Structures are given as C-alpha cells and as structure tokens.
Amino acid sequence: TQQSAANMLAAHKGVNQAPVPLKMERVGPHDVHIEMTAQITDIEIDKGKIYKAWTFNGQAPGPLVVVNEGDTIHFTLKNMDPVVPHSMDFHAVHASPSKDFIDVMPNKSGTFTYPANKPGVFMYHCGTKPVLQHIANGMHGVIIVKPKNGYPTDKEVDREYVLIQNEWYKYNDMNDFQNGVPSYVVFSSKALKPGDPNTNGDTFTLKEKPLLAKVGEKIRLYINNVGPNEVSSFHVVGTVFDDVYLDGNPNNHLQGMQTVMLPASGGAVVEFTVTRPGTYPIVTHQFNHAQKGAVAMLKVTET
Amino acid sequence: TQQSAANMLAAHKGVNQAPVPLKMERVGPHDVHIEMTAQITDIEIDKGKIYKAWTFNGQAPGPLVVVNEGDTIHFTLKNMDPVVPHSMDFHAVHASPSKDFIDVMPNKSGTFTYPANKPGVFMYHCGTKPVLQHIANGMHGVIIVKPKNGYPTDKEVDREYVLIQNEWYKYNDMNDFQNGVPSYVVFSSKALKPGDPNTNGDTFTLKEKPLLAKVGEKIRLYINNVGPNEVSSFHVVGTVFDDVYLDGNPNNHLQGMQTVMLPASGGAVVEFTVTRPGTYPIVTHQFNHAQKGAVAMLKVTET
Amino acid sequence: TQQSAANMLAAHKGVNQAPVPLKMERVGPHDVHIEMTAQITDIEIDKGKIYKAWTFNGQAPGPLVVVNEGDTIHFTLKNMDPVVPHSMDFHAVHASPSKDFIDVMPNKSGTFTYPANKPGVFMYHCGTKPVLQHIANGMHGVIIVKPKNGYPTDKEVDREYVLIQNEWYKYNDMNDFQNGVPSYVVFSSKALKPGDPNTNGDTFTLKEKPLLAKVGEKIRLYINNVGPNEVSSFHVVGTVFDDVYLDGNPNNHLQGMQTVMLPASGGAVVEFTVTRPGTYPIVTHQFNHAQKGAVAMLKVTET
Ligand SMILES: [Cu+2]
Ligand SMILES: [Cu+2]
Ligand SMILES: [Cu+2]
Ligand SMILES: [Cu+2]
Ligand SMILES: [Cu+2]
Ligand SMILES: [Cu+2]
Ligand code: NA
Ligand code: NA
Ligand code: NA
Ligand code: NA
Ligand code: NA
Ligand code: NA
Ligand SMILES: [Zn+2]
Ligand SMILES: [Zn+2]
Ligand SMILES: [Zn+2]
Ligand SMILES: [Zn+2]
Ligand SMILES: [Zn+2]
Ligand SMILES: [Zn+2]
Ligand SMILES: [Zn+2]
Ligand SMILES: [Zn+2]
Ligand SMILES: [Zn+2]
C-alpha cells in the first residue's frame, strides 16, 4: 500500500495541472453534451496546507453540472493524469456501472451516454478501484437535475446557492482514509448564475468571503454531503428550514426542520428565511467537524 | 491550546456554583420573559467521575424551556463565569446570530429578543467561539415550542416525558473534543409537569430511578440529541414507535418506526404503547454509546 | 474485562457447533411457532480470518424470519452455548423486555409469546448484558413482517432479495467494541424463496457470487443495518431508488432517493430499476466501510 504510495509520489511529483473549464451544450430538447477532465491539481485546503488533489477539471469538489429532468447526457472524460486511470459515476443517471462507469486510461478519453430521469441534488465521483482512494483524494462533486414541474415553493425563493461538504485526510494515505478521523471537514460553493462564487473545499474561503443575501429573503440551498466517510448534520444558525426536499425530489417534503441529516452522498434542497441583518454561520452540527473547518458564512445586509 | 487549558484550570479551580432556577413568565399573549445563567458547576457524570461543567443554570444539559408557537422571547443571560464569556443560541428562533447570539462578559448580563414561530423540539446551546468547547463542556439543552394546533395524536397520549442525549469527553480537552471517541454517552430527563424527574446527563440516574408509566399507556417522548459530535439511533426496547414527528413539527409524520435516526442537534416527538408490565430500556442503538452510558429505563406497572 | 475474555477463550476453545436449521410453522390464522438456537460457530468473515461467532442457528447474521402483520409468535430459544446465557429481542414485537426478552441458561430452553402488529423490516438480536458484546460477536438478524395490505408498488416489483449490513471487530474485545473502528463491514443475503442465496456477513461472498437479475427488472431489497455501532448510507450504483419505505412501513414513503440513511438497527424497503446489462455494486457510501468489505454485487443479464 505505502510502496504504491511512494511510487505514486514519484509519478505525480511536480505535477500541477491548471484548471480546465467544464464544457456543456444542449444538442436536443432532451440531450446534452458534457465534457470533463480528470487532472492533478494543487489546492490549498487550509492556510499553509497544499493537497495535490485528484480532481475533475482542477476543482475539488468538481465543477457544478446542471441538467433538466429527462435529459440524456453524452459524457466525455479526458484523463490528464499521467499514470492513474479515472472514471465517472453520476448518481443522477441510470447506467450499467461495468459498461458505462468504466476506467479511462492516462492520456485517453472515454465517452458514455445515459439518462437523468429523476430530479434532485446528486453526487458524482470517480468510480475507479479503490473508490475510497479516488473520492478521498478529491474526485467528487454535484450534478443537479431540475424537476420538470419545479418545486411547490419555487415562487417563494428569492436567492439560491449550492453548498457541498467534504472531508480531507492525510495525503493519499489509505490507512488514514479507512481508519482515521478526518483532518479537515469543509464547505465549498459552486456557481449557479453569473456572479455566484465558485470555490474549492477549504477551511476559510466561505468565512473570509461569505455568501451574500438581503434582509427578509427566502434562501434556497442545494446541498450534498459527498463524504467520503462522514454523515452531516446540516444547520443554518439563526433560522429554521421552512421546507426541505430530501435528495431534491419534490415528493420528499419536510417542514420546519432545525437540522437536516445527510448520509454520505446524501443531498437536499433546503429553504429558509433570514429575518435580520447580520452574519449567519452555516455548519454541520457535528461540532468536531465544524471545528475542523466545516463552517461557511452567510452575510445578510439591508442592501 | 493546552497552555490555555492550564490557565483555564487555574481560573476555575475550586469554582462550584450552586444551581440557580430558571426564571420564566408570560408578559403578553405572544410574549414571554426568560432569565438564565451561565455558570460553572461540578456534576457527577459517572460514579467517581466529577466533571466541572460549563452550564446554563448549573444543569447539563440545561433546564427545559417551553413556549408556545408564535411567542416572542425576551431573553436574559447572566454570566456568572469569572473568566469566560458565554452566549445563547436557541434553534427555535429567527435571529441575527452576530447581533442576537452575542457574547456576555464575565459578571455581566445581556438581553435579546426574538420570535419562536415554528413548533418542535429544538436544541439550545452556547454560541461562543470555540463553539465545540462550549457545547462539549456542557452548554446545551432543549427548548420545546408547542404547536398552535397540537399534534393529530394528542388525544391518544397518556403520559409524556422529555429525554436528551449528550456525550462527555476528557475534561476541557480540545484535542479529544475534535479527534477522540466520547468517554460517556448519556441520557437525562427534564421536567414538564410537577413531579416529573429532572436530571443531568449521567450514566446511572435513569437506570437507578426509571421513568414511570402504567400498563397499556401510550407514552410520548420529546427527544433531542444535542451531541456535540455523534448521531443517535433512538430505540425503545419492547415496543415500536406508533407515530414520529421529525423535529416535533406535526407535518413530518412517520409511522411504525423501530428506530429514529437523529442528527447532532436533531429532535423528534415519538409515541409508543407499553403493553405489559416490566422494565423497558431506552437506548441509542449505536451500542458502543449504549455501553458507555446511553441507556435509560422505563418501569411500567399495573398501578 | 480481559481476564473474563481469557476465561471465555478457554471455555469456547475448540467449540464449533454445526448450523441448525430454523424451525417455523403456522399454528393458527394469526399464530406462528418459531424455534431457534444460540450457538458458537466458526465463520470465515474475510479470507484467512475465522471468527468464532456467537450466533443464532450457526449463521451471522442469523436466519431470516418472515411473519404476517398481526401474527402472535410463540418463540423458543435453545441455548447450546456451554457457558454463556443468551436471549432474544425482536424489534417487531410488543413485549415486556424484563419478562419476555430474558436470559436462557446454557443447555436450557426458554419459550416466549408476543405479537407482531406492525409491518416492516426489523432487527432482532440477543438482549443479554453486555448487549454490545452479544451483538458484536454475531447475535443479530432480521425479521420481516409482511403488511396486511401490501405496499402500493407491489405490482411493479419483478424480483426481491434481503440484504443485511453488519460490522466485525477484534475478536470478543470489549475495548475494541466500545472504542475502535470496525475491522470489517459486510453485507449478507438471506433467502426469501427457494433458490435464493443464503450467506453470512463476510467481505467476499456477494462479490464472488453476485445477486442475479434480468435487464429491465424492478428490484426490491428488504434491508437492515444491524450495526452494532455504525450508521449506513445505502446506495446501489447505476440506479436511483424509485420508492423507499422507511423501516418497511408502507406509510413512510419516499421517492427518487439516491442514498438511504439507516440508523443502527434501521431498516427499509427500497425499489429500483436496472435498465442495462452489467454488474451493479451495492454499497454503503461511507467509503471507509465499503473499503473494509461492504460492497455486494448485482449481476444483471438479458436472460
Ligand atoms: Cu479517479
Ligand atoms: Cu446550533
Ligand atoms: Cu459558553
Ligand atoms: Cu434492539
Ligand atoms: Cu447472546
Ligand atoms: Cu456513488
Ligand atoms: Na468520524
Ligand atoms: Na485570499
Ligand atoms: Na464516534
Ligand atoms: Na443516589
Ligand atoms: Na466509525
Ligand atoms: Na468459495
Ligand atoms: Zn447528443
Ligand atoms: Zn452526442
Ligand atoms: Zn421573499
Ligand atoms: Zn416582554
Ligand atoms: Zn420584555
Ligand atoms: Zn391509552
Ligand atoms: Zn401457538
Ligand atoms: Zn404455541
Ligand atoms: Zn418490470
């Protein structure tokens, strides 16, 4: 295991591949092209701590993907990793894992086609053995599938953001990945509209640069806890969730939740009102994880 | 961290502030005054183990607070801690955390006003940085907000109690709080009506003095797992939950659950029937935690 | 603790009791006889790793029990353990734990009667102090109670299997049981119909011999995470759950879930469609546990 890690260290030594933009375009009323990369990219996960992350597109978690319910995805993965194969598993899709979530070799590309027939906030991740290693090293993200008939509370929502929770462990350390507590637990935000922040899973960015909102607004968060290993007790300080849709399916409706339990890979659409000006921490209420980085901020102003 | 803990030890050495009763009174059809303390109080959490707890009112978890849906709370915190600032975060309320959940200095008081517009079983806790430290040291509790229109099963309920789950760690040890397994996991009960028990989070009291009920009764428990860190798999041995309302919101109705998953800070209203005389253990079904203290007893008699 | 374990080692040394079939028969429209054993049986939980398991009937998890909603169970436990008392707790039943879930001494039998009035997928386990020790050593299983009025989606289901998740720790090590990470986390399958596999909780069997299905089929899994200690993030790779019934109660209906959060002892009925030929991994998405064994396979063929 650690001999392989020593070999990995030599092969990825000095490798820092600049982020490559996600490419997407609609090619039919129910067909969409998506082109992503697997690449090796240095990310500062805490001040003074660089993690040479295994990523989609040089982000960890990876870039946001948004499609409509009923879209068939024509997906291409370009593997830029000089030595490790990589793959893609979208939780949104119906696919044959052994035919459609297969490995793409270093310096090669693979193309796969599958439908997204279910609305919600789905995890995506690399599906290459050991899957734990590929996820823990940074190969995770979110795909949102917009419901054909929306959510019953759509008209009430004033502003929206995407938040993702993930853990970071000791660098490419399989023993730690399997047996150790996370070194950091973090939130990131991925842009839905021009001007939205787009950040990586780190301990600081969403504290230094809070998400922004106005007094009185109803805020929707599309959220997913990608793990790899921990569950999340999602809570926004100073408010209560008016409405919650588990995994973002409109049918899984809950009301007036203080805290939303998310399994590893679990998602939700949560909506809440901010009644007063100020800064509202966003946490996992498992406070050991909050202490290890998992606190984002929402700054609410009159204007 | 441990130099600060050594300084903390010196400052709280010999400090054992006797419990001070919660003070509450209604001042209008939708307005209620609540007066609490932050204080340092020795609690026996296991036989032979004294924890010099950071508390509200000399109890850990703190005293029960009950209000009605739609009540505005006029809250005062009197900080009796000679050296550490403290604050209050009620999960029931809509408030500006940076204006309304702010620190109160040693030997000072602070007053804050906010509405409780949502029914349920909410965690409250100290919101002072590091929040993990303040919660782990004992600054947690429950506020119940009674629904305007009750619960659909109100008429079926024969008896009710409040139960709270919490963990205890190595004394004021931030490394342990962040990285270690809990030393003890415990239940406590807080009084709803005269004659109800009112206990602290310890490994023994609810075993030695079980909650009481009669054969055939439908029992309601208002429950919250305050953590700080663990989730709870709440189960009453020998019965099944007839009805469950997640976070105590009447809309989040489940039926016939064997076990209720609670996130850290998660609450519920659970209802079950005890059909035969005997003693019924109440557990988290995460049995490592049950073994470390988290078993309460319900003694059911013909009379 | 470890002196008792040393004494236990001597007493169970060389003991390997061959599996004994479950015995069940219906004795009335709403009355069923069930006869089980407690016995000590060597199980290979990972290649080269024998665990001298404490079991019901020489299986760990124990044999599947299926009854109808409203059945009263006349249950007999025959304790074959030469030295340790054992008992039975069925989560399906209403019973007095202190009268009905009581210990049966070595080489004795006990008979208990109680109703199963609630539909669902319930854990059963030994209830002998320390309960953690008896569960961790292998005394867990599932009882299914079939709903009187079925599930609304019954007509859509093409094939069904039972899956159970459990952990294994260091052998009969109470310190590890309470404080340590699981050494292995595993799935097993228990037969519902002739020809179904029936396996023990190990890291390999459901990989080497996948569950079988046909292209296009809707599959139902009756699932329970028996722990003892961990929660489960249940996910089938390459599909989405069309319908989920929490604890197998028809009322607790969710739709379009990617992943189902199960507490320790938590169950569910989950249904999903497999659209393409291939092999579909079944995991807990807490990937440290998946890496430590918790991956089963579903092989889907045209025929
Ligand atoms: Cu990969
Ligand atoms: Cu909180
Ligand atoms: Cu405090
Ligand atoms: Cu149990
Ligand atoms: Cu036993
Ligand atoms: Cu996955
Ligand atoms: Na953990
Ligand atoms: Na900066
Ligand atoms: Na733990
Ligand atoms: Na006493
Ligand atoms: Na664990
Ligand atoms: Na074999
Ligand atoms: Zn196309
Ligand atoms: Zn195409
Ligand atoms: Zn608005
Ligand atoms: Zn007033
Ligand atoms: Zn006032
Ligand atoms: Zn009654
Ligand atoms: Zn009979
Ligand atoms: Zn009989
Ligand atoms: Zn079909």
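Read the numbers this way: they start at 1 and go in the same order the structure lists the ligands and their atoms. Throughout, a chain's letter reflects where its sequence line sits, starting with A, and its residues are numbered from 1.
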State which residue, out of C:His91, C:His134, C:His140, fulfils the ring pair (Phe, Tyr, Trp, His ring centres under 6.0 Å) condition with C:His125.
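So, applying the ring pair (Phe, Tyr, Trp, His ring centres under 6.0 Å) to C:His125 and each of C:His91, C:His134, C:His140, only C:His91 qualifies.
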
Residues at least two apart in sequence or cross-chain that pass side chain to side chain contact (heavy atoms under 4.5 Å, CB included) with C:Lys108, listed by chain then number, are C:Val104, C:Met105

Mind checking what makes side chain to side chain contact (heavy atoms under 4.5 Å, CB included) contact with B:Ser96, not counting sequence neighbours?
A:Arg276, A:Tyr280, B:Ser98, B:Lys99, B:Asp100

Ignoring hydrogens and angles, state whether a donor on the side chain of A:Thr76 or A:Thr111 is under 3.5 Å from an acceptor on the partner side chain.
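On atom types as modelled, these side chains qualify, holding a pair under 3.5 Å.
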
Hey, could you give me each pair passing side chain to side chain donor-acceptor pair (under 3.5 Å) that has a residue in residues 62-74 of chain C? Not counting sequence neighbours.
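Side chain to side chain donor-acceptor pair (under 3.5 Å) check on residues 62-74 of chain C returns C:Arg26-C:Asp71, C:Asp31-C:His74.
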
Student check: side-chain heavy atoms of A:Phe112 and A:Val93 closer than 4.5 Å:
no

Report the protein N/O/S neighbours of the Zn ion (ligand 20) that fall below 2.8 Å; do not count waters.
C:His33 NE2

